[PDB]
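> For reference, the file work_19.cif (mmCIF, C-alpha atoms) is included below:
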data_start
#
loop_
_atom_site.label_atom_id
_atom_site.label_comp_id
_atom_site.auth_asym_id
_atom_site.auth_seq_id
_atom_site.Cartn_x
_atom_site.Cartn_y
_atom_site.Cartn_z
CA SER A 1 0.00 0.00 0.00
CA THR A 2 0.88 3.68 -0.25
CA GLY A 3 -0.47 7.05 0.83
CA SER A 4 -0.02 10.59 -0.45
CA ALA A 5 -1.29 13.76 1.23
CA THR A 6 -0.77 17.46 0.66
CA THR A 7 0.71 19.48 3.49
CA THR A 8 -0.06 23.22 3.67
CA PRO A 9 1.64 26.08 5.56
CA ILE A 10 -0.52 27.44 8.40
CA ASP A 11 0.44 31.05 7.72
CA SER A 12 2.46 33.35 5.47
CA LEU A 13 5.71 32.56 7.32
CA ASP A 14 5.56 28.75 7.04
CA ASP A 15 5.49 28.56 10.85
CA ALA A 16 4.18 24.99 10.59
CA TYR A 17 2.43 22.73 8.08
CA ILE A 18 -0.91 20.94 8.40
CA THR A 19 -1.99 17.74 6.69
CA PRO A 20 -5.56 16.41 6.65
CA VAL A 21 -6.05 13.11 8.50
CA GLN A 22 -9.20 10.96 8.60
CA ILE A 23 -10.02 9.50 12.02
CA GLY A 24 -12.88 7.19 12.87
CA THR A 25 -16.03 5.91 11.21
CA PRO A 26 -17.59 7.89 9.62
CA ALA A 27 -14.40 9.83 8.98
CA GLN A 28 -13.65 12.90 11.07
CA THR A 29 -11.05 14.98 9.23
CA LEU A 30 -8.59 16.89 11.41
CA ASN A 31 -5.61 18.94 10.24
CA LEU A 32 -2.55 17.61 12.02
CA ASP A 33 1.03 18.82 12.30
CA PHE A 34 3.23 15.93 11.08
CA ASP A 35 6.19 15.93 13.43
CA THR A 36 9.27 13.80 12.76
CA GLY A 37 10.61 14.99 16.13
CA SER A 38 7.96 13.30 18.31
CA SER A 39 6.01 10.06 18.46
CA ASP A 40 2.48 10.76 19.72
CA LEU A 41 -0.62 11.16 17.55
CA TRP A 42 -2.78 13.44 19.67
CA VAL A 43 -5.86 15.48 18.89
CA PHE A 44 -8.11 18.18 20.20
CA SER A 45 -11.26 16.32 21.19
CA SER A 46 -14.67 16.38 22.84
CA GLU A 47 -12.73 15.71 26.07
CA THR A 48 -10.53 18.81 25.79
CA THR A 49 -11.15 21.38 28.54
CA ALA A 50 -13.61 23.75 26.86
CA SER A 51 -11.72 26.94 27.77
CA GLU A 52 -8.66 25.53 25.98
CA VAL A 53 -10.41 25.05 22.64
CA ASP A 54 -10.46 28.11 20.34
CA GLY A 55 -11.39 27.32 16.75
CA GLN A 56 -9.86 23.86 16.35
CA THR A 57 -11.72 20.94 14.87
CA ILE A 58 -12.24 18.24 17.49
CA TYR A 59 -12.33 14.44 17.40
CA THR A 60 -15.43 13.03 19.09
CA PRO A 61 -14.82 9.34 19.82
CA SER A 62 -18.45 8.73 20.84
CA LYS A 63 -19.44 9.49 17.23
CA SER A 64 -17.03 6.90 15.80
CA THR A 65 -18.27 3.32 15.53
CA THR A 66 -14.69 2.04 15.41
CA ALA A 67 -13.39 3.99 18.45
CA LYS A 68 -12.48 1.98 21.55
CA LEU A 69 -11.19 3.35 24.85
CA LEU A 70 -7.71 2.02 25.55
CA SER A 71 -8.53 1.29 29.15
CA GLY A 72 -6.19 2.77 31.73
CA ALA A 73 -3.91 4.45 29.22
CA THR A 74 -2.82 8.05 29.66
CA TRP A 75 -0.32 10.31 27.92
CA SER A 76 1.52 13.55 28.67
CA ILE A 77 4.04 15.32 26.47
CA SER A 78 6.24 18.40 26.64
CA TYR A 79 7.85 19.86 23.53
CA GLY A 80 11.11 21.73 23.02
CA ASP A 81 9.28 25.05 22.81
CA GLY A 82 7.78 24.61 26.27
CA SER A 83 4.32 23.65 25.05
CA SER A 84 2.50 20.59 26.37
CA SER A 85 -0.64 18.46 26.29
CA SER A 86 -2.06 15.40 28.03
CA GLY A 87 -5.07 13.11 28.20
CA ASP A 88 -6.34 9.58 27.60
CA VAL A 89 -6.28 7.19 24.64
CA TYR A 90 -8.59 5.57 22.11
CA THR A 91 -7.80 3.19 19.31
CA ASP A 92 -9.48 3.96 16.00
CA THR A 93 -9.05 3.81 12.23
CA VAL A 94 -6.72 6.48 10.89
CA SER A 95 -6.12 7.26 7.21
CA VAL A 96 -3.59 9.58 5.60
CA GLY A 97 -3.79 10.24 1.90
CA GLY A 98 -5.52 6.93 1.25
CA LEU A 99 -3.32 4.80 3.53
CA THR A 100 -5.32 3.24 6.38
CA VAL A 101 -4.21 1.90 9.76
CA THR A 102 -6.72 0.11 11.96
CA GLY A 103 -6.21 0.11 15.71
CA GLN A 104 -4.08 3.26 15.75
CA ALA A 105 -3.62 4.90 19.15
CA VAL A 106 -5.37 8.26 19.01
CA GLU A 107 -4.41 10.27 22.05
CA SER A 108 -7.29 12.48 23.10
CA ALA A 109 -6.30 15.73 24.80
CA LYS A 110 -7.93 16.63 28.09
CA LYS A 111 -5.52 19.54 28.52
CA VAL A 112 -3.41 21.60 26.13
CA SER A 113 -1.09 24.52 26.83
CA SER A 114 -1.82 28.06 25.68
CA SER A 115 0.34 27.89 22.54
CA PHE A 116 -1.90 25.11 21.19
CA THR A 117 -5.13 26.86 22.15
CA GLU A 118 -3.95 30.03 20.45
CA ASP A 119 -3.24 28.26 17.17
CA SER A 120 -6.65 27.69 15.62
CA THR A 121 -5.18 26.00 12.54
CA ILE A 122 -3.58 22.96 14.24
CA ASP A 123 -5.99 20.26 15.42
CA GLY A 124 -3.24 18.04 16.86
CA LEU A 125 0.06 16.35 16.06
CA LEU A 126 0.98 13.19 14.20
CA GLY A 127 4.36 11.97 15.42
CA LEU A 128 6.78 10.35 13.01
CA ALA A 129 9.89 9.86 15.16
CA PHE A 130 10.65 6.41 16.58
CA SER A 131 8.00 4.72 18.73
CA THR A 132 10.44 4.51 21.65
CA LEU A 133 9.57 8.18 22.34
CA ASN A 134 5.81 7.58 22.55
CA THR A 135 4.49 8.79 25.91
CA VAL A 136 1.49 6.49 26.44
CA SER A 137 1.52 4.76 29.82
CA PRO A 138 1.50 2.02 30.99
CA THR A 139 1.62 0.45 27.51
CA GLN A 140 3.68 2.42 24.99
CA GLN A 141 2.03 2.81 21.59
CA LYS A 142 3.30 2.77 18.01
CA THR A 143 3.34 5.66 15.56
CA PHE A 144 1.16 5.70 12.46
CA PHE A 145 4.26 4.95 10.36
CA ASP A 146 5.36 2.06 12.59
CA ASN A 147 1.86 0.54 12.33
CA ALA A 148 1.68 1.04 8.55
CA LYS A 149 5.21 -0.07 7.77
CA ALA A 150 4.75 -3.79 7.09
CA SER A 151 1.90 -3.05 4.67
CA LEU A 152 3.75 -0.37 2.71
CA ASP A 153 5.26 -1.12 -0.69
CA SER A 154 8.57 0.17 0.76
CA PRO A 155 9.16 1.00 4.45
CA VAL A 156 9.63 4.73 3.89
CA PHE A 157 7.94 8.08 4.02
CA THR A 158 9.02 11.30 2.36
CA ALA A 159 8.69 14.97 3.28
CA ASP A 160 8.52 17.53 0.48
CA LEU A 161 7.73 20.80 2.22
CA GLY A 162 7.04 23.94 0.23
CA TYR A 163 8.40 27.43 0.64
CA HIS A 164 5.32 29.63 1.01
CA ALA A 165 3.43 26.88 -0.84
CA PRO A 166 1.87 23.45 -0.30
CA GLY A 167 3.96 20.29 -0.42
CA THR A 168 3.55 16.55 0.06
CA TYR A 169 3.97 13.70 2.53
CA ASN A 170 4.17 10.31 0.80
CA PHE A 171 4.10 6.92 2.50
CA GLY A 172 5.45 3.73 0.98
CA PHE A 173 7.09 5.07 -2.19
CA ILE A 174 9.63 7.55 -3.51
CA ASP A 175 8.24 9.92 -6.17
CA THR A 176 11.16 10.12 -8.61
CA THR A 177 9.56 13.14 -10.31
CA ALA A 178 9.65 15.22 -7.10
CA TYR A 179 13.38 15.97 -6.97
CA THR A 180 16.33 16.79 -9.17
CA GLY A 181 19.57 14.87 -9.44
CA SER A 182 20.10 11.96 -7.06
CA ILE A 183 19.16 11.24 -3.45
CA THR A 184 22.12 11.08 -1.07
CA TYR A 185 21.59 8.74 1.85
CA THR A 186 23.24 9.16 5.22
CA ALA A 187 23.38 7.16 8.45
CA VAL A 188 20.85 7.57 11.26
CA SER A 189 21.23 6.97 14.99
CA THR A 190 17.98 6.01 16.70
CA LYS A 191 19.59 6.04 20.17
CA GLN A 192 17.66 9.14 21.27
CA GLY A 193 14.48 8.21 19.37
CA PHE A 194 14.99 10.80 16.64
CA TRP A 195 15.97 10.82 12.97
CA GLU A 196 19.46 11.84 14.06
CA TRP A 197 22.22 12.21 11.49
CA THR A 198 25.51 14.04 10.90
CA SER A 199 25.86 16.81 8.35
CA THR A 200 29.29 17.08 6.75
CA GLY A 201 29.54 20.88 6.94
CA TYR A 202 28.25 24.21 5.71
CA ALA A 203 28.80 27.29 3.59
CA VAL A 204 27.45 30.83 3.87
CA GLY A 205 26.38 32.44 0.62
CA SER A 206 29.01 32.02 -2.08
CA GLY A 207 31.69 31.30 0.53
CA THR A 208 33.89 28.26 0.76
CA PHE A 209 32.52 25.07 2.25
CA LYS A 210 33.63 24.28 5.82
CA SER A 211 34.00 20.55 6.39
CA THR A 212 32.84 19.85 9.93
CA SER A 213 30.57 17.23 11.49
CA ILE A 214 27.26 18.59 12.74
CA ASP A 215 25.08 16.05 14.55
CA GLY A 216 21.39 16.95 14.51
CA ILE A 217 17.82 15.80 13.96
CA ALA A 218 15.55 16.02 10.93
CA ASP A 219 12.48 17.59 12.56
CA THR A 220 9.47 18.63 10.49
CA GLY A 221 7.78 19.86 13.69
CA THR A 222 10.35 22.60 14.34
CA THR A 223 10.08 25.79 12.27
CA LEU A 224 13.68 27.00 12.21
CA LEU A 225 17.22 25.72 11.69
CA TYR A 226 19.11 25.50 15.01
CA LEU A 227 22.87 25.03 14.71
CA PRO A 228 26.01 25.54 16.84
CA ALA A 229 26.73 29.12 17.88
CA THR A 230 29.93 29.21 15.83
CA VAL A 231 28.07 28.34 12.62
CA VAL A 232 25.20 30.75 13.32
CA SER A 233 27.59 33.61 14.11
CA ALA A 234 29.43 32.99 10.83
CA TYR A 235 26.12 33.21 8.94
CA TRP A 236 24.81 36.42 10.56
CA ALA A 237 28.19 38.14 10.30
CA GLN A 238 27.48 38.33 6.56
CA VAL A 239 24.32 40.41 7.12
CA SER A 240 24.89 44.13 7.82
CA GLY A 241 23.24 45.13 11.06
CA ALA A 242 22.35 41.62 12.20
CA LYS A 243 22.72 40.92 15.91
CA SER A 244 21.68 38.52 18.62
CA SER A 245 19.00 40.10 20.75
CA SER A 246 18.46 38.65 24.21
CA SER A 247 15.22 40.64 24.49
CA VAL A 248 13.76 39.20 21.29
CA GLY A 249 15.20 35.72 21.83
CA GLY A 250 17.62 35.28 18.95
CA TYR A 251 19.23 36.78 15.90
CA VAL A 252 17.43 39.66 14.25
CA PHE A 253 18.37 41.60 11.16
CA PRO A 254 17.27 44.75 9.32
CA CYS A 255 14.22 44.01 7.22
CA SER A 256 15.94 45.98 4.41
CA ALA A 257 18.60 43.26 4.10
CA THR A 258 19.11 40.77 1.33
CA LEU A 259 19.97 37.50 3.09
CA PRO A 260 22.68 35.14 1.84
CA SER A 261 21.94 31.50 1.20
CA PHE A 262 23.08 28.76 3.58
CA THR A 263 24.40 25.40 2.36
CA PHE A 264 24.56 22.22 4.42
CA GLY A 265 26.38 19.01 3.57
CA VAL A 266 24.86 15.55 3.22
CA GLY A 267 27.81 13.28 2.59
CA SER A 268 29.53 14.72 -0.48
CA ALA A 269 26.27 16.37 -1.58
CA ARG A 270 25.07 19.87 -0.80
CA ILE A 271 21.62 21.33 -0.04
CA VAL A 272 21.26 25.07 -0.61
CA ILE A 273 18.75 27.03 1.48
CA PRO A 274 17.96 30.27 -0.39
CA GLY A 275 18.31 33.47 1.64
CA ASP A 276 14.59 34.21 1.44
CA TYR A 277 13.84 30.98 3.35
CA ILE A 278 15.73 32.47 6.32
CA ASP A 279 13.45 35.54 6.61
CA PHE A 280 10.75 35.21 9.32
CA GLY A 281 9.55 38.77 9.00
CA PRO A 282 9.06 41.62 11.46
CA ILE A 283 9.55 40.76 15.12
CA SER A 284 6.25 42.57 15.80
CA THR A 285 3.76 44.10 13.42
CA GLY A 286 5.21 47.16 11.69
CA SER A 287 8.76 46.67 12.98
CA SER A 288 11.78 47.07 10.69
CA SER A 289 13.64 44.43 12.72
CA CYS A 290 13.15 40.97 11.21
CA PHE A 291 13.56 37.57 12.88
CA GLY A 292 16.15 35.17 11.53
CA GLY A 293 15.47 31.61 10.42
CA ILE A 294 18.88 30.28 11.50
CA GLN A 295 19.32 30.39 15.28
CA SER A 296 21.73 28.99 17.85
CA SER A 297 21.08 25.56 19.34
CA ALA A 298 23.16 26.46 22.40
CA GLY A 299 21.13 25.44 25.42
CA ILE A 300 18.73 23.24 23.42
CA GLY A 301 21.24 20.43 23.73
CA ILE A 302 20.74 19.26 20.15
CA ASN A 303 21.02 20.73 16.66
CA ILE A 304 17.72 20.77 14.77
CA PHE A 305 17.29 20.66 11.00
CA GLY A 306 13.79 22.09 11.10
CA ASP A 307 11.51 23.27 8.32
CA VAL A 308 13.90 26.02 7.12
CA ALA A 309 16.38 23.32 6.15
CA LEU A 310 14.02 20.51 5.22
CA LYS A 311 11.89 22.59 2.84
CA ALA A 312 14.99 23.15 0.67
CA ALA A 313 15.12 19.39 0.03
CA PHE A 314 13.19 16.27 -0.86
CA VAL A 315 13.72 14.16 2.29
CA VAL A 316 13.45 10.39 2.58
CA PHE A 317 12.80 8.89 6.01
CA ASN A 318 13.87 5.30 5.39
CA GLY A 319 12.48 3.01 8.08
CA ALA A 320 14.18 -0.17 6.91
CA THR A 321 15.68 -2.47 9.57
CA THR A 322 18.64 -0.09 9.65
CA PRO A 323 17.06 3.34 9.17
CA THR A 324 18.70 6.03 7.03
CA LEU A 325 17.87 9.52 5.75
CA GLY A 326 18.00 10.66 2.15
CA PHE A 327 18.25 14.22 0.83
CA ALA A 328 17.87 15.49 -2.73
CA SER A 329 17.70 18.96 -4.20
CA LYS A 330 14.42 19.90 -5.88
#
Go ahead and express the file in the form of structure tokens.


Amino acid sequence: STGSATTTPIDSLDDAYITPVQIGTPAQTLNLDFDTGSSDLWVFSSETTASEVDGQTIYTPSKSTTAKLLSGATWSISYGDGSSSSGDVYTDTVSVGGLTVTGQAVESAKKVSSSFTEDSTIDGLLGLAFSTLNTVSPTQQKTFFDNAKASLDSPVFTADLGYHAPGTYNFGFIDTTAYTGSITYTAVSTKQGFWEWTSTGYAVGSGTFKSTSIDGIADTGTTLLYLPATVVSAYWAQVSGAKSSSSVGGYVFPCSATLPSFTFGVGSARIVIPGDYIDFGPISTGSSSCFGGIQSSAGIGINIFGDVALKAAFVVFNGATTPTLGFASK
């Protein structure tokens, strides 16, 4: 089997991407944030504290003939941005782009933090990291991908995120028309539960390539590119007037700037992030100070190849017995 679904930016900055997901019988379609940096499929629901729902579409398990309470199971998750959610668990039928999993754990939120409430466009998350990170207790649950894997034509999914435009998540096949040149594959460590890999270096603009190992995670659920302070300083030094602002919470730059590209290495291959992808617009409405899309990972404890990086590539998440990651230009 295979699946193919379009993923759409939630706003004009590509802050996140939503993908429609069918849950239950009859189908209830919710727009979920596919997150290769976590492993829980959770939704706003009829059980979510009413004051914490503000515009989201909810899953109502009592209206699904295939929903079953997973008795005794609870979940609770905290994300790198300080947001969080928790609740109980149902199993139900879940379909993405025509690919169906029966008995998928659907984690129903009883509580969500303010960041989730305030984002009317995201109805929940669909985790695509390794199932070892799933938070369901006392019986850990599998991701949608883990459940689908044996049925797929090939044990893979691909992320093809757009810049200010829709893109595609495919399951079970590689669309050879969706990228240019060849796909370069690179080793993955699953030791921390992430799609963790090592970039071979970087370049800023038209500058020379610096060969240096950068360990990090491929994370569709993180907006920006978070890299070591040395690398980030070298990038922003090429932008007149750019500076790290403790008050804003990162590097800012004059909105009048033209940003240089940023290249990262995948083996001997190179992925080029155009300068415009690194612009996250005014820090507040009407400001001439703009927020940068490349930020320091110092104090996160891990480097994160988030959407800024991933949207410059066609990315293969290969879930074979020994997982790997593939990157192609597009």

> On this file, the PyMOL selection byres ((chain A and resi 73) around 6) gives some set of residues; write that set as a ChimeraX atom specification.

/A:70-72,74,88-89,137

> Take the PyMOL selection byres ((chain A and resi 244) around 12), run it mentally on this structure, and tell me the resulting residues as a list in words.

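Taken over the shown coordinates, the PyMOL selection byres ((chain A and resi 244) around 12) returns residues 229, 232, 233, 235, 236, 237, 239, 241, 242, 243, 245, 246, 247, 248, 249, 250, 251, 252, 253, 289, 290, 291, 292, 294, 295 and 296 of chain A.
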
> Can you tell me which residues surround range 304-311 of chain A at a distance of at most 8 Å, considering all atoms listed in the file, apart from same-chain residues fewer than 2 positions away, and format the answer as a ChimeraX atom specification?

/A:16,159-163,216-227,273,277-278,293-294,297,302,313-315

> Can you spit out the residues from that selection as a PDB file, in the frame of the given file, using C-alpha atoms?


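Output file result-v5.pdb follows:
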ATOM      1  CA  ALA A  16       4.180  24.990  10.590  1.00  0.00           C
ATOM      2  CA  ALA A 159       8.690  14.970   3.280  1.00  0.00           C
ATOM      3  CA  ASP A 160       8.520  17.530   0.480  1.00  0.00           C
ATOM      4  CA  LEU A 161       7.730  20.800   2.220  1.00  0.00           C
ATOM      5  CA  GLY A 162       7.040  23.940   0.230  1.00  0.00           C
ATOM      6  CA  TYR A 163       8.400  27.430   0.640  1.00  0.00           C
ATOM      7  CA  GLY A 216      21.390  16.950  14.510  1.00  0.00           C
ATOM      8  CA  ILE A 217      17.820  15.800  13.960  1.00  0.00           C
ATOM      9  CA  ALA A 218      15.550  16.020  10.930  1.00  0.00           C
ATOM     10  CA  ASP A 219      12.480  17.590  12.560  1.00  0.00           C
ATOM     11  CA  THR A 220       9.470  18.630  10.490  1.00  0.00           C
ATOM     12  CA  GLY A 221       7.780  19.860  13.690  1.00  0.00           C
ATOM     13  CA  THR A 222      10.350  22.600  14.340  1.00  0.00           C
ATOM     14  CA  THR A 223      10.080  25.790  12.270  1.00  0.00           C
ATOM     15  CA  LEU A 224      13.680  27.000  12.210  1.00  0.00           C
ATOM     16  CA  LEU A 225      17.220  25.720  11.690  1.00  0.00           C
ATOM     17  CA  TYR A 226      19.110  25.500  15.010  1.00  0.00           C
ATOM     18  CA  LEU A 227      22.870  25.030  14.710  1.00  0.00           C
ATOM     19  CA  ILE A 273      18.750  27.030   1.480  1.00  0.00           C
ATOM     20  CA  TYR A 277      13.840  30.980   3.350  1.00  0.00           C
ATOM     21  CA  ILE A 278      15.730  32.470   6.320  1.00  0.00           C
ATOM     22  CA  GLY A 293      15.470  31.610  10.420  1.00  0.00           C
ATOM     23  CA  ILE A 294      18.880  30.280  11.500  1.00  0.00           C
ATOM     24  CA  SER A 297      21.080  25.560  19.340  1.00  0.00           C
ATOM     25  CA  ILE A 302      20.740  19.260  20.150  1.00  0.00           C
ATOM     26  CA  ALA A 313      15.120  19.390   0.030  1.00  0.00           C
ATOM     27  CA  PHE A 314      13.190  16.270  -0.860  1.00  0.00           C
ATOM     28  CA  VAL A 315      13.720  14.160   2.290  1.00  0.00           C
TER      29      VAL A 315
END

> Hey, which of A:7, A:195, A:46, A:13 ends up closest to residue 63 in chain A? Count only C-alpha atoms.

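Checking each of A:7, A:195, A:46, A:13 against residue 63 in chain A, counting only C-alpha atoms, the winner is A:46.
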
> Counting all atoms listed in the file, which of A:264, A:174, A:228, A:288 gets nearest to residue 205 in chain A?

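Checking each candidate against residue 205 in chain A, we get A:264 as the closest.
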
> Can you tell me which residues surround residue 190 in chain A at a distance of at most 10 Å, considering all atoms listed in the file, apart from same-chain residues fewer than 6 positions away, and format the answer as a PDB file with C-alpha atoms, in the coordinates of the input?


ATOM      1  CA  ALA A 129       9.890   9.860  15.160  1.00  0.00           C
ATOM      2  CA  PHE A 130      10.650   6.410  16.580  1.00  0.00           C
ATOM      3  CA  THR A 132      10.440   4.510  21.650  1.00  0.00           C
ATOM      4  CA  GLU A 196      19.460  11.840  14.060  1.00  0.00           C
ATOM      5  CA  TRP A 197      22.220  12.210  11.490  1.00  0.00           C
ATOM      6  CA  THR A 322      18.640  -0.090   9.650  1.00  0.00           C
ATOM      7  CA  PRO A 323      17.060   3.340   9.170  1.00  0.00           C
ATOM      8  CA  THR A 324      18.700   6.030   7.030  1.00  0.00           C
TER       9      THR A 324
END

> Find the residues with any atom within 6 Å of (-8.0, 3.2, 15.0); use only C-alpha atoms and the coordinates as given in the file, and write the answer as a list in words.

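The residues near that point, listed by chain and number, are residues 91, 92, 93, 94, 102, 103 and 104 of chain A.
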
> May I have the protein, DNA and RNA residues with any atom at most 10 Å from the point (-0.1, 20.6, 10.9), counting all atoms listed in the file, written as an MDAnalysis selection string?

chainID A and resid 7:10 15:21 30:35 121:126 220:221

> Because the input lacks atoms here, generate N, CA, C and O atoms for range 1-15 of chain A and report them as an mmCIF file, in the frame of the given file.


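Okay, this is what ended up in result.cif:
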data_model
loop_
_atom_site.group_PDB
_atom_site.id
_atom_site.type_symbol
_atom_site.label_atom_id
_atom_site.label_comp_id
_atom_site.auth_asym_id
_atom_site.auth_seq_id
_atom_site.Cartn_x
_atom_site.Cartn_y
_atom_site.Cartn_z
ATOM 1 N N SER A 1 0.857 -1.215 0.000
ATOM 2 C CA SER A 1 0.000 0.000 0.000
ATOM 3 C C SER A 1 0.874 1.238 0.000
ATOM 4 O O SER A 1 2.073 1.173 0.280
ATOM 5 N N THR A 2 0.247 2.368 -0.303
ATOM 6 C CA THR A 2 0.880 3.680 -0.250
ATOM 7 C C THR A 2 -0.141 4.712 0.206
ATOM 8 O O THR A 2 -1.343 4.453 0.188
ATOM 9 N N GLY A 3 0.356 5.878 0.596
ATOM 10 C CA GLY A 3 -0.470 7.050 0.830
ATOM 11 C C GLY A 3 0.222 8.301 0.323
ATOM 12 O O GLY A 3 1.449 8.342 0.231
ATOM 13 N N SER A 4 -0.566 9.326 0.008
ATOM 14 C CA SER A 4 -0.020 10.590 -0.450
ATOM 15 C C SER A 4 -0.963 11.702 -0.013
ATOM 16 O O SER A 4 -2.136 11.679 -0.365
ATOM 17 N N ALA A 5 -0.464 12.662 0.761
ATOM 18 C CA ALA A 5 -1.290 13.760 1.230
ATOM 19 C C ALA A 5 -0.563 15.080 1.073
ATOM 20 O O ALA A 5 0.655 15.168 1.260
ATOM 21 N N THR A 6 -1.315 16.118 0.753
ATOM 22 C CA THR A 6 -0.770 17.460 0.660
ATOM 23 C C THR A 6 -0.649 18.064 2.043
ATOM 24 O O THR A 6 -1.561 17.945 2.869
ATOM 25 N N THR A 7 0.466 18.760 2.257
ATOM 26 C CA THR A 7 0.710 19.480 3.490
ATOM 27 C C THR A 7 0.799 20.975 3.157
ATOM 28 O O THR A 7 1.391 21.359 2.155
ATOM 29 N N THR A 8 0.192 21.811 4.002
ATOM 30 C CA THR A 8 -0.060 23.220 3.670
ATOM 31 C C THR A 8 0.458 24.105 4.810
ATOM 32 O O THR A 8 0.155 23.845 5.970
ATOM 33 N N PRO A 9 1.219 25.166 4.487
ATOM 34 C CA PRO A 9 1.640 26.080 5.560
ATOM 35 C C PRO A 9 0.453 26.700 6.292
ATOM 36 O O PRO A 9 -0.548 27.040 5.667
ATOM 37 N N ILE A 10 0.574 26.877 7.605
ATOM 38 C CA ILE A 10 -0.520 27.440 8.400
ATOM 39 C C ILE A 10 -0.644 28.945 8.258
ATOM 40 O O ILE A 10 -1.677 29.504 8.589
ATOM 41 N N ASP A 11 0.411 29.600 7.789
ATOM 42 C CA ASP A 11 0.440 31.050 7.720
ATOM 43 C C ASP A 11 1.475 31.484 6.699
ATOM 44 O O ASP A 11 2.137 30.644 6.078
ATOM 45 N N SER A 12 1.620 32.796 6.526
ATOM 46 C CA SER A 12 2.460 33.350 5.470
ATOM 47 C C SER A 12 3.958 33.185 5.745
ATOM 48 O O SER A 12 4.774 33.490 4.882
ATOM 49 N N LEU A 13 4.313 32.722 6.942
ATOM 50 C CA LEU A 13 5.710 32.560 7.320
ATOM 51 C C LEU A 13 6.171 31.106 7.272
ATOM 52 O O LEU A 13 7.332 30.820 7.551
ATOM 53 N N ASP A 14 5.272 30.185 6.937
ATOM 54 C CA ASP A 14 5.560 28.750 7.040
ATOM 55 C C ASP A 14 5.926 28.381 8.484
ATOM 56 O O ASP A 14 6.857 27.610 8.726
ATOM 57 N N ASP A 15 5.175 28.881 9.455
ATOM 58 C CA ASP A 15 5.490 28.560 10.850
ATOM 59 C C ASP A 15 5.321 27.066 11.173
ATOM 60 O O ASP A 15 6.007 26.523 12.044
#
